[PDB]
Structure formats: structure tokens, C-alpha cells
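Descriptive analysis of the structure
The primary structure of each chain is shown beneath.
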Amino acid sequence: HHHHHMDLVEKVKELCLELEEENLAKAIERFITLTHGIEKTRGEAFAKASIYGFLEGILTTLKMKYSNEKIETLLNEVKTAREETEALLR
Amino acid sequence: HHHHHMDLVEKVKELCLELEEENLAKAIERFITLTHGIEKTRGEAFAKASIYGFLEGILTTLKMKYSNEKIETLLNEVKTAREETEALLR
Amino acid sequence: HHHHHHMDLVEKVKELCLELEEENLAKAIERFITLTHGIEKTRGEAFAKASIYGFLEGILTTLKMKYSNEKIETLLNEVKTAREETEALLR
Amino acid sequence: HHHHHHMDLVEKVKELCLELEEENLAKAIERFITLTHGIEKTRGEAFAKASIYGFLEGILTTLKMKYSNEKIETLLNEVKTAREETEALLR
């Protein structure tokens, strides 16, 4: 099992609450909010790489101020989403 | 006073140590190293949006901890570089 | 901060030229951005952006020597800022 | 017919500014060029030249919006030539 896309961006914003990090999550929403145009102008992979990377940033430093199973689990999940996103077919 | 590319990345890995987050700096080094081919494979904006998003994710979370003037500074600098990177010419 | 980028920043500059009566100038930009579309194809984005942005700097700089409107410097700073990001590399 | 290229082109233009009483404009070209120094080593020569030339044309263009000097038009077409050549690929 593994979360993906908008789903994954939620399992994360979520864990941010469990960590009592309110603004952190509000930011994630404000960030994904702006990463709205990128979509059409640059394409889907570019749009995912930004967000997935941004979520990688977070889950990365959180994994320092806390040590839950969740974080690592998610971080590895998001990390996999990134690796799929940038990979090219041909 | 704005930084860019490798430089802005360096001035961020730097704030990490200043913050006593060596592992974090190590992480960025890893991230930047793993971005490696992306620039080749997907392009420069992709590689940039990818790494800048990550840096902004680290920074956005730290800002939810320490309160240095640097952090909010390096943040607006990262967001601005991400914005320019994603903008299209026509 | 509130920096403008790419086509949008270009668009701002043209506008500013209008807000200054300078029309043939605003008309000139379009002429320039148009006669430089393929560049992106052959040299890429950074190169394309470095030509247009440098071009806007040149415009914004000689006007800042004719008028006083704060919008000029504010705008000049952004194009300069955009140039710098565009030319920076990750190594 | 021989035309100006690179550094000399930068000078002829910087010179025209002086002969128009706009030395600040001239000092700008000076500082622009300074700032655009290592870029040559990072993005290549074609890149460095396209930014500086676009910059020069941006000036020559808006300049032309305030003077009837014959030199400007020619000085403009020259910078235009320099660019066309610079951005062209050997393929």
C-alpha cells in the first residue's frame, strides 16, 4: 500500500496536525494552492515535482524534531512519488 | 540582496548548520546530488523547481521553530527563485 | 516582496511605457519579443530569457534617466532580479 | 563595409551616450558589463553576448525615442546584426 497524488498531500497535511503543527499544514495548502497554474503551463510532471519536492522538504526536517513511524513511512512514500514523476518513458 | 542557483542552495545548507542541524545540511547535499541527471533528463526549470521546492519545504518548517531573520529571508528568496523558474516567456 | 516574472514582467514593462506615453517603445518591445521566439527552440529558455530581460533592463535604464516614476526602479530591480536567477546554475 | 562587434560595439554605444550628455546611461553600460563577467564561463559566450547586446538594443531603442541622431539607427542595426549572428547555431 502507498498514498499518491492529492491523496498523499493529505496524509501529510494530516500528520502535520497530529504533530500539532497547524501553520505547517496551512502552508501546505497555500503552497499547493499556488502550484495551480504550473499545471497547464509546464505540464503535470513539473507540477508534481514541485509539490512532491516541497513535501519532501517538510517531512525531512520534521523527521528531526520528532520520530514517529508515520513520518518515515510517508517520507519514503512521497520519495517514491517523486522518483516516478521525474522518470521518463523513452 | 537575492541569491540564486547553487549559491542560494549553499546559503541555505549554511543556515542549517548555523541552526545546529548538520543532518539537515547533509540531507540537502544528498538531495542536490540526487537531482543530478534531472537537469539533463527533464531540463533546468524542472531540476530547479524540484530542488527549490525542497528547499522551501525545509525552510517553511524550520520557520515553524527557530525565529531567525535569515529564515524568512531565505524563504522569500527561494519562493522568488521558484516563481521566476516556473514563469514562461510568452 | 512582489516580483514579476516571464511574460507577466514583460507585460508590466510594456504597461509602464504606456503609463508614460511612450507607445512606440511599448510597441518596440512586442516587436522584440516576437522576433525572438525561435531562440527558445534552439538555445533554450535561459538564453531566451537572458536576451529579453537584458533588453528590458536596457529600456528600463535609459528611461530612469528621463523620468522619475518610482515604478521604474521598482520594475528595473525585478528584471535585474529575474536576469540573475536565469543566469544562475546549480553547480 | 566593416561594422562594430563585441567590446568595440559596447564602446561605440557607450560613446554615443556621452555625445548625448547621458553619461549616467554610459556609466550603467559600464556597470552592467562588470556584473556580466563570469556568466561567460558558466553559460557560454553566445549567452553572455546575447544578454549584453539585448541590453544595448534596449538602450539604443528607447534612446531613438528622444533623438534623431543618424548614429543611433546605424548603431542599432549593428547591435541587431551582432545578435542575429550570436544566436544562430552552426548545426
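For the structure given in this document, a descriptive report is provided here. (Residues numbered from 1 in each chain as written, not as in the entry; some residues may be left out. Chains lettered and ligands numbered in written order. Heavy atoms only, no water. Residues with missing side-chain atoms left out of burial classes, pairs and counts.)

**A closer look at the overall build of chain A**
Check the secondary structure of chain A and you find five helices and zero strands. Its helices and strands in sequence order give chain A the pattern α-α-α-α-α, from N to C terminus. At 13 Å, chain A has a C-alpha radius of gyration in line with the 12 Å of a compact globule built from 90 residues. Within chain A, contacts between residues at least 6 apart in sequence are counted, and of these 59% link residues at least 24 apart. (Helix = DSSP H or I, 4+ residues; strand = E, 2+ residues; numbered from the N terminus. Rg over C-alpha atoms; globule rule 2.2 N^0.38 Å. Contact = heavy atoms within 4.5 Å.)

**Comments concerning the overall build of chain C**
Within chain C, the regular secondary structure consists of five helices and zero strands. Of the regular secondary structure in chain C, the N- to C-terminal order runs α-α-α-α-α. A compact globule built from 91 residues should have a C-alpha radius of gyration of about 12 Å, and chain C, at 13 Å, falls within 12% of that. Overall size of chain C, expressed as C-alpha extent along the three principal axes, is 40 × 30 × 20 Å. In chain C, the share of contacts with a sequence separation of at least 24, taken over all contacts with a separation of at least 6, comes to 62%.

**Overview of the pattern of salt bridges**
The partner of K13 of chain A in a salt bridge is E10 of chain A, with the nearest N and O atoms 2.8 Å apart. Remark: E10 of chain A and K13 of chain A occur in helix α1 (residues 5–18); sequence separation between them is three residues, near one turn of the helix. A network of salt bridges, in which partner residues are shared, links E44 and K48 of chain B, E85 of chain C together with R43 of chain D. (Salt bridge = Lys/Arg side-chain N within 4 Å of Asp/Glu carboxyl O.)

**As for the interface of chain C and chain D**
With 25 residues of chain C in contact, the opposing surface of chain D contributes 26 residues. Broken down by element, the residue count for the side of chain C that touches chain D peaks at twelve residues, all from helix α4 (residues 45–63) of chain C. Here the residues of the side of chain C that touches chain D are counted per class, giving twelve nonpolar, eight polar and five charged. (Nonpolar A, V, L, I, M, F, W, Y, C, P; charged D, E, K, R; others polar.)

**Describing the environment of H3 of chain A**
Residue and element names in this part refer to chain A. With respect to the element layout, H3 can be found in the segment before α1. For the pair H3 and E44, spaced 41 residues apart in sequence, the C-alpha separation works out to 18 Å. Engagement of the side chain of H3 in a polar contact is seen with the side chain of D7, the distance being 3.3 Å. (Polar contact = N/O pair within 3.5 Å; in protein donor to acceptor, adjacent residues only side chain to side chain.)

**Points about the packing of aromatic side chains**
Ring plane angle 0° and centroid distance 3.6 Å describe the contact between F31 of chain A and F54 of chain A, whose orientation is recorded as stacked. One end of the pair, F31 of chain A, is in helix α2 (residues 22–34); the other, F54 of chain A, is in helix α4 (residues 44–65), and 23 residues separate them in sequence. (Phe/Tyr/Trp six-rings, centres within 6.5 Å; stacked < 30°, edge-to-face > 60°.)

**Description of the relation of the copies chain C and chain D**
Superposing chain C onto chain D takes a rotation of 179° plus a shift of 0.1 Å along the axis, which leaves an RMSD of 0.5 Å. When the rotation and shift are considered jointly, the pair of chain copies conforms to a two-fold rotation axis. (Least-squares fit on C-alpha atoms.)

**Here we look at the arrangement of the chains**
Comparison of the five pairs of chains in contact shows the highest number of contacts for chains C and D. What separates chain A from chain D at the closest point of their C-alpha atoms is a distance of 23 Å, and the two make no contact.

**Thoughts on the environment of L74 of chain B**
Residues and elements named next belong to chain B. The residue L74 is located in helix α5 (residues 69–86) in this model. In sequence terms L74 and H2 are 72 residues apart; their C-alpha atoms lie 8.6 Å from each other. Not counting chain neighbours up to four residues away, the residues in contact with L74 comprise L8, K11, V12, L15 and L59.

**Here we look at the environment of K14 of chain D**
Residues and elements named next belong to chain D. Mapped onto the fold, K14 is located in helix α1 (residues 6–18). Taking the C-alpha atoms as reference points, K14 and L56, separated by 42 residues in sequence, lie 9.1 Å from one another. Among residues more than four places away in sequence, those in contact with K14 are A26, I29 and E30. Within the local environment of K14, its side chain forms a polar contact with the side chain of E11, the two groups lying 2.8 Å apart.

**Considering the side chain of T85 of chain A**
If you trace the backbone, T85 of chain A turns up in helix α5 (residues 69–86). At 2.8 Å, the side chain of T85 of chain A and the backbone oxygen of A81 of chain A are in polar contact. Every residue in contact with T85 of chain A, bar those within four places of it in the chain, is listed here: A45, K48, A49 and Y52 of chain A together with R42 of chain B.

**Details of the packing of α1 of chain D against helix α4 (residues 45–63) of chain D**
Residue and element names in this part refer to chain D. The geometry of α1 relative to α4 is characterised by a closest axis approach of 11 Å and an angle of 20° between their N-to-C directions. In terms of axis orientation, α1 runs roughly parallel to α4. The chirality of how α1 crosses α4 is left-handed. In contact with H6, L9, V10 and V13 of α1, α4 contributes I52, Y53, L56 and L60. Here the residues of the contact of α1 with α4 are counted per class, giving seven nonpolar, one polar and no charged. (Axes fitted to C-alpha atoms, helices over the stretch in contact; angles between N-to-C directions. Parallel < 35°, antiparallel > 145°, perpendicular 65-115°, else oblique. Left-handed = near helix turned anticlockwise from the far one by under 90°.)

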